[PDB]
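For reference, the structure is listed below as structure tokens.
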Amino acid sequence: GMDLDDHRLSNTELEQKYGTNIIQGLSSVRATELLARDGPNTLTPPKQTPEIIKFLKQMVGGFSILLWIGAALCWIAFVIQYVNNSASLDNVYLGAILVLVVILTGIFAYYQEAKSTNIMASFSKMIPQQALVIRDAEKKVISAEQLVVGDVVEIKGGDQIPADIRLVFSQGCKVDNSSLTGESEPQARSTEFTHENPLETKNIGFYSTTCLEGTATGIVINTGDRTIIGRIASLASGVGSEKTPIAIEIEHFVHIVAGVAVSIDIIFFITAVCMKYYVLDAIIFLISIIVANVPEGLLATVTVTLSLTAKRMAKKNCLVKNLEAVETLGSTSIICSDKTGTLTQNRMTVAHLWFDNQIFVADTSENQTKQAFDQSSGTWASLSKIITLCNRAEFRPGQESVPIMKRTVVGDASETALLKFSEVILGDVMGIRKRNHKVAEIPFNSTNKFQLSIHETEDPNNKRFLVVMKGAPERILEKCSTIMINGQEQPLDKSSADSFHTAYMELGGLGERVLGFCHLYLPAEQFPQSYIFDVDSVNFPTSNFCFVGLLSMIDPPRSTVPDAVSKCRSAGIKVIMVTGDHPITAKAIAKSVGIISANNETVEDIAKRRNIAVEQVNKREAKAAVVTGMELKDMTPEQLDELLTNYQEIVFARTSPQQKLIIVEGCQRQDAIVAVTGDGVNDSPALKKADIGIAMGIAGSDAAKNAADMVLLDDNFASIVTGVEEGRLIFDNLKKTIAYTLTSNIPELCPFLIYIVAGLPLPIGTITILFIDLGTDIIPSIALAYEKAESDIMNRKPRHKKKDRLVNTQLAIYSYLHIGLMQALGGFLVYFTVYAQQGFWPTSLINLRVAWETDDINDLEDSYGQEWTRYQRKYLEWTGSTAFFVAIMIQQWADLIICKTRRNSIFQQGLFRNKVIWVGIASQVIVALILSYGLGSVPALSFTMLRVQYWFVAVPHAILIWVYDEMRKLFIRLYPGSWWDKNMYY
Amino acid sequence: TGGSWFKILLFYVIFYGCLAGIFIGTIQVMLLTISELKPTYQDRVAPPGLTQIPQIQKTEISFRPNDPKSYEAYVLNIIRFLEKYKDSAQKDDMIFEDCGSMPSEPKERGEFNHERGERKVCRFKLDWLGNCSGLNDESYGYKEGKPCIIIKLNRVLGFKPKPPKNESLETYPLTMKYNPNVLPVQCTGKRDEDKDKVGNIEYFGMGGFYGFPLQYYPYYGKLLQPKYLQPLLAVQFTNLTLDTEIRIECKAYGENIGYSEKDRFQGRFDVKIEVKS
Ligand SMILES: CCCCCCCC/C=C/CCCCCCCC(=O)OC[C@H](COP(=O)(O)OCC[N+](C)(C)C)OC(=O)CCCCCCC/C=C/CCCCCCCC
Ligand SMILES: CCCCCCCC/C=C\CCCCCCCC(=O)OC[C@H](COP(=O)(O)OCC[N+](C)(C)C)OC(=O)CCCCCCC/C=C/CCCCCCCC
Ligand SMILES: CCCCCCCC/C=C\CCCCCCCC(=O)O[C@H](COC(=O)CCCCCCC/C=C/CCCCCCCC)COP(=O)(O)OCC[N+](C)(C)C
Ligand SMILES: CC(C)CCC[C@@H](C)[C@H]1CC[C@H]2[C@@H]3CC=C4C[C@@H](O)CC[C@]4(C)[C@H]3CC[C@]12C
Ligand SMILES: CC(C)CCC[C@@H](C)[C@H]1CC[C@H]2[C@@H]3CC=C4C[C@@H](O)CC[C@]4(C)[C@H]3CC[C@]12C
Ligand SMILES: CC(C)CCC[C@@H](C)[C@H]1CC[C@H]2[C@@H]3CC=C4C[C@@H](O)CC[C@]4(C)[C@H]3CC[C@]12C
Ligand SMILES: *[C@@H]1O[C@H](CO)[C@@H](O)[C@H](O)[C@H]1NC(C)=O
Ligand code: ALF
Ligand SMILES: [K+]
Ligand SMILES: [K+]
Ligand SMILES: [K+]
Ligand SMILES: [Mg+2]
């Protein structure tokens with residue numbers, strides 16, 4: 001961890017510190033011992049957990065601990081029975097089923113558990129392989145890994161910088177620090193101290209950054225992981241090993257259910273000890289409690305629900321790498337978005353052009369077909385000609401039928417923008433450039449800030465030389481003595497100069513780079529056709545020009561971004577722009593997108609409006625704030641918290657990746673779920689620390705797409721509002737699914753409680769309730785995830801993570817007590833009907849379980865005096881168990897119907913709008929019919945055939961459940977916030 | 001708040017009370033459809049089971065004639081069962097009717113309705129169980145190697161056993177069929193090697209016949225016909241190998257009497273007797 005940056009030092013101080021020489025370098029022995037001590041110049045990959053331990057750790061998470069305890073108890077019960085010569089089995093079956101359930105749930109949880117992976121593989125595309133380093137004054141090619149701090153390295157154009165160097169000799173070196181700032185604008189390099197911050201010091205080259213053109217010489221200062229990109233990779237790989245909000249909700253639900261199961265098991269085990277029961281009976285009761293109170297199929301059902309949503313989102317070109325990330329977008333409260341590449345198109349494009357003392361507005365959409373800004377007006381022909389002819393950029397080959405804005409261009413960004421504009425608005429400038437012959441003069445020297453090209457008109461009428469020139473507007477104006485306004489030329493009026501200057505100031509205020517244009521026709525009287533031209537600019541005049549127009553470029557936002565941001569802000573989400581660009585451009589883009597509204601106004605703007613000191617204005621009036629990198633590097637964390645809390649609209653500018661991480665962490669300190677969108681290397685630490693990270697697909701980089709939880713393949717920023725829609729719908733339907741899963745636990749638990757307490761014959765077995773848990777409820781649990789939105793999902797506020805939970809006390813109370821008890825009552829009605837219709841009246845079944853389950857007795861006397869053999873008793877027991885199973889199934893049909901809604905009514909939502917619900921009901925019909933009249937024709941797994949009337953006894957209880965739930969929802973609807981909403985709504 | 005607590009507790013009290021009321025009402029409506037005189041269904045008890053009296057636990061009998069405690073359990077159980085079959089408890093004539101000593105047709109005592117009052121039961125006297133009655137023989141045969149077990153047919157309401165017609169060949173000629181009035185019962189060794197050690201079999205039934213007389217059927221239901229004494233058949237062996245375990249099977253033959261592989265007591269026995277020296 002080294003941060004003692006010393007770019008202020010002169011060459012000699014660097015020499016003394018690093019013990020080298022420009023002419024000499026480092027000796028071979030010196031370099032070898034450096035390679036021994038400091039370490040290779042290579043990004044060290046991180047330690048990763050092998051997948052098999054990641055898979056094995058899934059077998060102890062969720063409800064699996066309880067299932068393992070149950071399997072151990074099953075084995076203990078079997079060994080006790082085997083000691084006492086009991087070949088009944090029925091317990092190896094249960095143990096095998098429990099182990100299989102554990103294995104399957106672990107498989108599903110492993111499938112849902114993240115993706116792991118590392119970011120280092122993405123950096124290989126940028127890291128150079130070799131480097132031209134000098135040792136003992138000899139220029140040799142050495143692999144970049146072998147390069148070590150202290151040696152002199154020479155960098156040419158078009159190759160990656162071998163390591164972090166301090167430039168000492170430079171000659172026209174321009175680097176591309178897009179990995180540190182996110183901007184592809186070439187940054188010039190020098191050999192002098194420019195800025196205190198090492199990221200803008202202009203005399204330091206950075207590891208893996210590319211040198212666009214020129215030669216440079218520098219002394220290596222940092223290597224390997226101590227470089228800036230090294231720290232970026234270390235941060236992007238060493239953070240993010242944290243749970244997701246949906247994982248926390250599921251863990252809380254598991255904690256509630258496991259606590260309920262443990263408490264009931266402990267208390268009833270103590271009671272069984274206090275009631276003269278054998279240990280075998282007690283442990284069998286404990287196994288039944290454990291199996292009944294655990295929703296085995298729910299944790300896999302949640303995974304399947306997330307998978308279905310992920311597939312139907314990936315159908316919309318939205319790849320979801322982490323399955324848990326489908327939910328997070330929707331509980332998100334803050335979206336920290338990168339500017340360039342994400343909000344904007346990352347392409348320089350003309351936006352405003354000024355002529356006739358008016359400001360014209362140009363379309364900037366990516367898929368635009370034509371431009372129309374009062375083209376029929378005067379002076380436009382001269383502007384068109386000067387834009388077309390005065391350009392050097394050229395299109396790349398193999399572009400016959402390529403979209404115009406998607407055509408690759410070789411040249412400067414500004415030249416590319418003007419060339420794209422001319423191609424769009426004129427169609428074919430290649431013919432126009434060909435027909436107008438170009439004199440071999442185009443001075444584009446540095447420190448000039450202008451360039452001119454002499455042409456001869458192809459029109460037979462005029463046939464005069466033309467000198468078109470564009471460059472910095474001030475230089476254009478100082479060389480201009482007249483302006484062309486609607487054909488004819490006005491003199492250099494004071495009012496015209498004032499209009500020029502105010503247009504300049506306002507166009508700069510919109511954060512755009514203006515370029516001035518001017519041309520001067522050369523009459524043939526003074527310049528003949530055969531007159532020679534010289535590059536020295538002495539053979540032709542460069543004064544007394546005429547100003548035609550003034551164009552500016554913006555790097556505009558994408559077409560769908562402003563509407564998406566407006567919808568996100570209308571959905572209760574707070575959007576923050578965190579960018580590495582200059583504050584002026586960031587503020588302009590924020591105003592142009594919607595992050596800062598037109599009415600909202602910042603502190604600096606208030607100070608400008610009132611002309612008062614910036615310290616005099618009260619910050620309470622300002623509703624927006626723009627914070628630069630320097631204002632944030634010296635900001636105490638409490639100040640950052642207050643800045644985020646106070647201002648609704650914030651823009652961060654000139655921020656390093658570490659500062660982006662700081663902002664994300666500070667936003668998460670407010671108990672807010674944050675989402676980060678980005679498409680660059682500098683966004684990787686933020687894309688990892690964020691709860692959900694979204695990356696662009698076409699414009700994105702490999703590091704960002706590896707560090708993100710979701711990738712937008714078509715770069716449609718509008719997919720965020722659909723993601724929020726899907727996340728909120730997922731949360732609601734997950735509440736519904738959890739309620740429907742938990743409601744069937746009580747009908748499975750009550751029979752064993754009654755069997756222990758009142759000594760009835762076993763109303764239902766453990767394998768039978770496992771059949772309920774695994775077979776019948778799974779498809780309806782999937783079906784409840786297809787419920788449409790009850791109300792305006794995208795009009796609510798984001799849920800509070802701490803206050804609002806997926807499984808609150810209301811849902812658990814309603815699922816266990818209000819419902820579930822009714823289902824147990826209906827099932828017991830069916831059970832008593834089955835037993836009484838064959839001879840055993842309800843009151844004769846009290847405390848009969850000891851004599852009922854005695855294989856010795858074969859003359860048990862029922863209510864009518866008949867004598868029952870042991871096998872007939874257990875066959876009647878199986879009949880009652882199957883009937884109780886069927887009663888549970890039918891009341892679960894009713895409960896599926898009532899769980900289709902939470903506040904609405906089945907009359908409003910619709911019974912048949914969700915066909916997967918009816919598929920689930922049909923599946924239960926088929927499964928129960930099979931389990932009754934197939935398996936059961938041969939008596940196996942405590943299933944027997946049922947009489948026709950035993951299939952319909954519990955139907956009135958299902959109707960009662962439906963009527964009660966309809967009344968509850970009706971009273972919730974009628975009187976909101978009336979002790980009924982607060983207590984009965986879940 | 002305290003008022004909120006009171007309101008929620010009142011709601012839960014009324015809600016659970018209403019649920020209990022609905023449950024009890026459904027139970028009452030269901031019970032209104034079952035008769036107190038005959039069961040609605042007899043799906044499981046239609047083929048009657050066969051059961052012995054000593055009520056042995058693991059389907060085994062292991063005792064020693066020497067030590068009284070070795071057979072004390074069996075003797076006490078037989079005494080407990082046969083106490084109610086003593087003629088001293090059957091003397092009253094208002095509730096008992098002396099039915100003839102010769103097997104006859106089943107007696108139809110009216111119909112399963114509250115009218116006609118209670119029913120009268122044919123009396124079964126212990127004298128018919130020769131030398132296993134306990135009148136003038138102690139230990140109920142559990143002297144040196146003379147075990148005997150009382151076989152009974154499980155009670156079923158409205159059950160009229162149909163003895164097999166002697167058209168088809170049932171077994172070796174018993175020299176007395178009397179099919180229309182006696183349900184045949186025969187005890188044989190389970191497999192071949194136990195037939196050589198089981199010894200002779202002595203059957204003691206009413207009228208000297210080897211089976212259950214049909215005059216005692218049908219049963220009427222412990223309400224119309226309480227104090228009903230089912231017919232008994234004492235089976236004594238009198239000859240069996242000492243210090244050897246013999247598996248003996250007793251089967252009740254009839255057209256209506258059924259058997260089952262799943263149910264081992266549906267008209268069959270699996271009893272083992274071992275007489276230690
Ligand atoms: C949420 C989960 C709920 C689960 C509920 C399980 C409940 C288990 C209880 C079952 C017993 C139900 C009895 C209901 C009978 C009907 C009500 C009644 O009016 O019946 C009066 C009884 C006679 O009815 P019968 O059967 O002869 O009718 C035969 C039908 N016919 C009349 C046509 C011949 O009068 C008599 O003879 C007997 C009089 C004496 C009765 C003493 C009972 C003492 C038993 C105490 C055990 C309580 C355990 C509680 C555990 C709770 C744990 C949460
Ligand atoms: C014989 C045995 C039969 C067993 C049958 C099933 C028994 C279990 C059934 C239900 C128990 C559900 C337990 C839920 C536990 C939640 C754990 C948890 O994570 O807690 C967090 C909550 C947070 O609260 P909040 O801010 O969301 O609340 C806001 C309320 N607002 C809006 C009014 C301000 O803390 C809280 O709510 C405080 C929670 C207080 C809970 C007190 C105990 C309630 C349990 C009662 C069951 C008693 C036995 C019933 C047996 C019936 C037999 C007929
Ligand atoms: C027969 C088929 C099954 C039937 C199931 C029946 C379910 C519904 C039962 C009771 C709910 C009745 C009240 C609905 C509206 C409440 C308004 C309210 O609670 O007002 C509140 C005060 O009320 C109370 O203190 C009493 C609370 C209600 C007590 C109900 C009776 C006690 C419990 C009964 C449950 C019985 C359930 C039995 C089911 C058995 C198994 C099926 C406060 O109102 P506020 O000043 O905020 O007004 C708001 C002003 N605004 C509207 C303009 C915004
Ligand atoms: C009479 C008997 C059945 C009542 C039993 C009530 C039990 C099962 C309920 C009531 C209160 C509940 C607890 C309330 C608080 C917490 C803390 C939470 O972090 C985990 C769940 C846990 C631990 C709950 C477990 C289940 C719980 C203990
Ligand atoms: C709202 C009501 C209709 C829901 C109740 C569904 C009931 C009535 C349906 C669902 C499953 C069906 C049963 C499935 C299996 C069998 C066995 C077959 O050999 C006879 C028909 C029978 C017995 C069906 C009868 C009708 C049935 C019981
Ligand atoms: C009938 C008896 C034996 C058991 C039932 C006890 C019930 C009625 C009592 C005991 C504890 C009570 C709960 C205590 C805590 C809460 C959480 C609160 O946010 C809503 C009320 C609620 C859910 C209460 C509802 C009523 C309650 C569940
Ligand atoms: C048992 O009773 C029979 C009845 O005939 C009798 O013949 C036999 O001798 C008795 N057995 C003994 C030895 O008690
Ligand atoms: F272009 Al950036 F963060 F400003 F990726
Ligand atoms: K369960
Ligand atoms: K993440
Ligand atoms: K369940
Ligand atoms: Mg970017």
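Going by the structure tokens order, chains are called A, B, ..., each with residues numbered from 1, while ligands are numbered from 1 in the order shown.
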Using only C-alpha atoms, tabulate the residues of chain A lying at most 8 Å from any atom of chain B, each with its closest atom pair and that distance in Å to one decimal, by chain and increasing residue number, as JSON lines.
```
{"residue": "A:822", "atom": "CA", "partner": "B:19", "partner_atom": "CA", "distance": 7.3}
{"residue": "A:825", "atom": "CA", "partner": "B:23", "partner_atom": "CA", "distance": 6.5}
{"residue": "A:826", "atom": "CA", "partner": "B:23", "partner_atom": "CA", "distance": 7.7}
{"residue": "A:829", "atom": "CA", "partner": "B:27", "partner_atom": "CA", "distance": 6.6}
{"residue": "A:832", "atom": "CA", "partner": "B:27", "partner_atom": "CA", "distance": 7.9}
{"residue": "A:833", "atom": "CA", "partner": "B:30", "partner_atom": "CA", "distance": 6.8}
{"residue": "A:836", "atom": "CA", "partner": "B:34", "partner_atom": "CA", "distance": 7.8}
{"residue": "A:837", "atom": "CA", "partner": "B:40", "partner_atom": "CA", "distance": 5.4}
{"residue": "A:838", "atom": "CA", "partner": "B:41", "partner_atom": "CA", "distance": 5.2}
{"residue": "A:839", "atom": "CA", "partner": "B:39", "partner_atom": "CA", "distance": 5.6}
{"residue": "A:856", "atom": "CA", "partner": "B:57", "partner_atom": "CA", "distance": 5.1}
{"residue": "A:857", "atom": "CA", "partner": "B:55", "partner_atom": "CA", "distance": 7.4}
{"residue": "A:858", "atom": "CA", "partner": "B:51", "partner_atom": "CA", "distance": 6.8}
{"residue": "A:859", "atom": "CA", "partner": "B:154", "partner_atom": "CA", "distance": 6.8}
{"residue": "A:864", "atom": "CA", "partner": "B:221", "partner_atom": "CA", "distance": 5.0}
{"residue": "A:865", "atom": "CA", "partner": "B:222", "partner_atom": "CA", "distance": 5.5}
{"residue": "A:866", "atom": "CA", "partner": "B:155", "partner_atom": "CA", "distance": 5.0}
{"residue": "A:867", "atom": "CA", "partner": "B:154", "partner_atom": "CA", "distance": 5.4}
{"residue": "A:868", "atom": "CA", "partner": "B:45", "partner_atom": "CA", "distance": 6.6}
{"residue": "A:869", "atom": "CA", "partner": "B:49", "partner_atom": "CA", "distance": 6.3}
{"residue": "A:871", "atom": "CA", "partner": "B:263", "partner_atom": "CA", "distance": 5.6}
{"residue": "A:872", "atom": "CA", "partner": "B:44", "partner_atom": "CA", "distance": 5.7}
{"residue": "A:875", "atom": "CA", "partner": "B:44", "partner_atom": "CA", "distance": 7.8}
{"residue": "A:876", "atom": "CA", "partner": "B:44", "partner_atom": "CA", "distance": 7.4}
```
Helix (DSSP H, G or I) residues, from DSSP on the backbone, in region 26-260 of chain B, as a PyMOL selection string: chain B and resi 26-31+68-85+87-90+126-128+138-141+179-181+192-198+206-208+214-216
Quick one: write out the picked residues with C-alpha atoms as a PDB file, in the first residue's frame?
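See again-v9.pdb below for the written result:
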```pdb
ATOM      1  CA  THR B  26     -70.476 -30.268  10.844  1.00  0.00           C
ATOM      2  CA  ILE B  27     -69.742 -33.143  13.234  1.00  0.00           C
ATOM      3  CA  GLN B  28     -73.379 -33.139  14.380  1.00  0.00           C
ATOM      4  CA  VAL B  29     -74.711 -33.072  10.814  1.00  0.00           C
ATOM      5  CA  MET B  30     -72.435 -35.984   9.897  1.00  0.00           C
ATOM      6  CA  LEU B  31     -73.444 -37.964  13.001  1.00  0.00           C
ATOM      7  CA  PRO B  68     -46.863 -73.100  37.735  1.00  0.00           C
ATOM      8  CA  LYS B  69     -45.655 -69.621  36.762  1.00  0.00           C
ATOM      9  CA  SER B  70     -44.747 -70.933  33.298  1.00  0.00           C
ATOM     10  CA  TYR B  71     -48.422 -71.390  32.335  1.00  0.00           C
ATOM     11  CA  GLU B  72     -49.966 -69.124  34.984  1.00  0.00           C
ATOM     12  CA  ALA B  73     -50.502 -66.323  32.453  1.00  0.00           C
ATOM     13  CA  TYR B  74     -52.351 -68.554  29.983  1.00  0.00           C
ATOM     14  CA  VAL B  75     -54.419 -70.168  32.741  1.00  0.00           C
ATOM     15  CA  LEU B  76     -55.400 -66.790  34.206  1.00  0.00           C
ATOM     16  CA  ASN B  77     -56.328 -65.428  30.777  1.00  0.00           C
ATOM     17  CA  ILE B  78     -58.503 -68.462  30.022  1.00  0.00           C
ATOM     18  CA  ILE B  79     -60.194 -68.114  33.420  1.00  0.00           C
ATOM     19  CA  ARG B  80     -60.793 -64.406  32.807  1.00  0.00           C
ATOM     20  CA  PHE B  81     -62.390 -65.040  29.414  1.00  0.00           C
ATOM     21  CA  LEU B  82     -64.465 -68.055  30.477  1.00  0.00           C
ATOM     22  CA  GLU B  83     -65.724 -66.455  33.702  1.00  0.00           C
ATOM     23  CA  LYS B  84     -68.571 -64.825  31.767  1.00  0.00           C
ATOM     24  CA  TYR B  85     -69.441 -68.180  30.148  1.00  0.00           C
ATOM     25  CA  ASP B  87     -73.881 -70.905  33.817  1.00  0.00           C
ATOM     26  CA  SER B  88     -74.156 -68.991  37.105  1.00  0.00           C
ATOM     27  CA  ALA B  89     -74.061 -65.740  35.103  1.00  0.00           C
ATOM     28  CA  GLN B  90     -76.596 -67.045  32.546  1.00  0.00           C
ATOM     29  CA  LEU B 126     -69.273 -74.693  29.581  1.00  0.00           C
ATOM     30  CA  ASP B 127     -70.076 -78.426  29.659  1.00  0.00           C
ATOM     31  CA  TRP B 128     -69.842 -78.557  25.857  1.00  0.00           C
ATOM     32  CA  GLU B 138     -57.555 -77.715  36.914  1.00  0.00           C
ATOM     33  CA  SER B 139     -55.121 -75.575  34.886  1.00  0.00           C
ATOM     34  CA  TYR B 140     -57.464 -75.807  31.856  1.00  0.00           C
ATOM     35  CA  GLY B 141     -55.383 -78.656  30.473  1.00  0.00           C
ATOM     36  CA  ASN B 179     -73.421 -78.599   6.671  1.00  0.00           C
ATOM     37  CA  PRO B 180     -76.652 -76.503   6.863  1.00  0.00           C
ATOM     38  CA  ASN B 181     -76.074 -75.798  10.562  1.00  0.00           C
ATOM     39  CA  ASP B 192     -45.052 -81.070   6.097  1.00  0.00           C
ATOM     40  CA  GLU B 193     -42.464 -81.492   8.855  1.00  0.00           C
ATOM     41  CA  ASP B 194     -44.773 -80.135  11.569  1.00  0.00           C
ATOM     42  CA  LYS B 195     -47.491 -82.701  10.806  1.00  0.00           C
ATOM     43  CA  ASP B 196     -45.295 -85.522  12.135  1.00  0.00           C
ATOM     44  CA  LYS B 197     -44.819 -83.774  15.500  1.00  0.00           C
ATOM     45  CA  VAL B 198     -48.156 -81.993  16.038  1.00  0.00           C
ATOM     46  CA  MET B 206     -71.489 -77.850  20.949  1.00  0.00           C
ATOM     47  CA  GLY B 207     -73.280 -81.121  20.279  1.00  0.00           C
ATOM     48  CA  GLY B 208     -69.977 -82.881  19.606  1.00  0.00           C
ATOM     49  CA  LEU B 214     -75.283 -71.295  13.262  1.00  0.00           C
ATOM     50  CA  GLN B 215     -78.066 -70.909  15.841  1.00  0.00           C
ATOM     51  CA  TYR B 216     -76.064 -68.147  17.552  1.00  0.00           C
TER      52      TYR B 216
END
```
Near-residue 945 (chain A) list (7 Å; only C-alpha atoms; drop same-chain fewer than 4 positions) as a ChimeraX atom specification: /A:932-933,936-937
Close residues to ligand 2 using only C-alpha atoms and all ligand atoms, limit 6 Å, as number ranges by chain: A: 256, 808-809, 812-813, 816-817, 982
Every residue of region 32-231 of chain B that DSSP places in strand (DSSP E), as a PyMOL selection string: chain B and resi 50-52+60-63+96-97+121-122+148-153+182-189+202-204+211-213
Using only N, CA and C atoms, please write the residues we just selected to a file, as a tab-separated table (two decimals), in the first residue's frame.
```tsv
chain	number	residue	atom	x	y	z
B	50	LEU	N	-60.48	-64.71	12.74
B	50	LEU	CA	-60.47	-65.83	13.68
B	50	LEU	C	-59.43	-65.55	14.75
B	51	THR	N	-59.80	-65.76	16.01
B	51	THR	CA	-58.94	-65.42	17.13
B	51	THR	C	-59.02	-66.50	18.20
B	52	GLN	N	-57.89	-66.78	18.83
B	52	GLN	CA	-57.82	-67.68	19.97
B	52	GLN	C	-57.89	-66.88	21.27
B	60	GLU	N	-46.74	-67.20	19.85
B	60	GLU	CA	-46.02	-68.35	20.36
B	60	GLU	C	-46.53	-68.72	21.74
B	61	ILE	N	-46.48	-70.01	22.05
B	61	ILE	CA	-46.79	-70.52	23.38
B	61	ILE	C	-45.59	-71.35	23.84
B	62	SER	N	-44.92	-70.89	24.89
B	62	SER	CA	-43.78	-71.59	25.47
B	62	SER	C	-44.00	-71.68	26.97
B	63	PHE	N	-44.17	-72.90	27.48
B	63	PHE	CA	-44.44	-73.10	28.89
B	63	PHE	C	-43.85	-74.43	29.35
B	96	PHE	N	-81.94	-64.43	28.83
B	96	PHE	CA	-81.34	-65.62	28.23
B	96	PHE	C	-82.43	-66.61	27.86
B	97	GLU	N	-82.26	-67.28	26.72
B	97	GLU	CA	-83.16	-68.34	26.29
B	97	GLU	C	-82.35	-69.60	26.02
B	121	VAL	N	-80.50	-63.92	23.94
B	121	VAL	CA	-79.30	-64.60	23.49
B	121	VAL	C	-79.39	-66.08	23.82
B	122	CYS	N	-79.00	-66.93	22.87
B	122	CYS	CA	-78.85	-68.35	23.15
B	122	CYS	C	-77.72	-68.54	24.15
B	148	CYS	N	-54.74	-76.64	25.41
B	148	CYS	CA	-55.94	-76.47	24.60
B	148	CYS	C	-56.31	-75.00	24.51
B	149	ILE	N	-56.68	-74.56	23.31
B	149	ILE	CA	-56.97	-73.17	23.01
B	149	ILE	C	-58.41	-73.08	22.52
B	150	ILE	N	-59.11	-72.04	22.95
B	150	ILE	CA	-60.51	-71.83	22.59
B	150	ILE	C	-60.55	-70.92	21.37
B	151	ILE	N	-61.11	-71.42	20.28
B	151	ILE	CA	-61.20	-70.68	19.02
B	151	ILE	C	-62.55	-69.99	18.94
B	152	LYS	N	-62.55	-68.74	18.50
B	152	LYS	CA	-63.78	-67.98	18.34
B	152	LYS	C	-63.74	-67.24	17.01
B	153	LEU	N	-64.92	-66.91	16.51
B	153	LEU	CA	-65.09	-66.15	15.28
B	153	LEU	C	-65.47	-64.72	15.63
B	182	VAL	N	-73.63	-76.09	10.75
B	182	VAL	CA	-72.35	-76.03	11.43
B	182	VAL	C	-71.30	-75.47	10.47
B	183	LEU	N	-70.51	-74.51	10.94
B	183	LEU	CA	-69.43	-73.94	10.14
B	183	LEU	C	-68.16	-74.72	10.44
B	184	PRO	N	-67.61	-75.46	9.48
B	184	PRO	CA	-66.48	-76.35	9.79
B	184	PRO	C	-65.24	-75.58	10.21
B	185	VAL	N	-64.50	-76.15	11.16
B	185	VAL	CA	-63.22	-75.62	11.62
B	185	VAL	C	-62.26	-76.79	11.77
B	186	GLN	N	-61.06	-76.65	11.20
B	186	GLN	CA	-60.06	-77.70	11.26
B	186	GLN	C	-58.68	-77.09	11.49
B	187	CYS	N	-57.90	-77.71	12.37
B	187	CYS	CA	-56.55	-77.28	12.67
B	187	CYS	C	-55.56	-78.29	12.11
B	188	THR	N	-54.62	-77.81	11.29
B	188	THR	CA	-53.61	-78.66	10.67
B	188	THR	C	-52.24	-78.02	10.85
B	189	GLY	N	-51.20	-78.84	10.69
B	189	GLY	CA	-49.85	-78.32	10.73
B	189	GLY	C	-49.58	-77.38	9.56
B	202	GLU	N	-57.90	-82.83	19.22
B	202	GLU	CA	-59.20	-83.07	19.83
B	202	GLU	C	-60.02	-81.80	19.77
B	203	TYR	N	-61.20	-81.88	19.15
B	203	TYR	CA	-62.11	-80.75	19.02
B	203	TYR	C	-63.29	-80.96	19.96
B	204	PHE	N	-63.63	-79.92	20.71
B	204	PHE	CA	-64.73	-79.96	21.67
B	204	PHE	C	-65.70	-78.83	21.34
B	211	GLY	N	-67.10	-77.35	14.97
B	211	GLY	CA	-67.35	-76.07	14.35
B	211	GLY	C	-68.24	-75.20	15.21
B	212	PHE	N	-68.62	-74.06	14.64
B	212	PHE	CA	-69.48	-73.10	15.32
B	212	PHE	C	-70.92	-73.31	14.88
B	213	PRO	N	-71.86	-73.58	15.78
B	213	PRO	CA	-73.26	-73.71	15.37
B	213	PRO	C	-73.78	-72.39	14.83
```
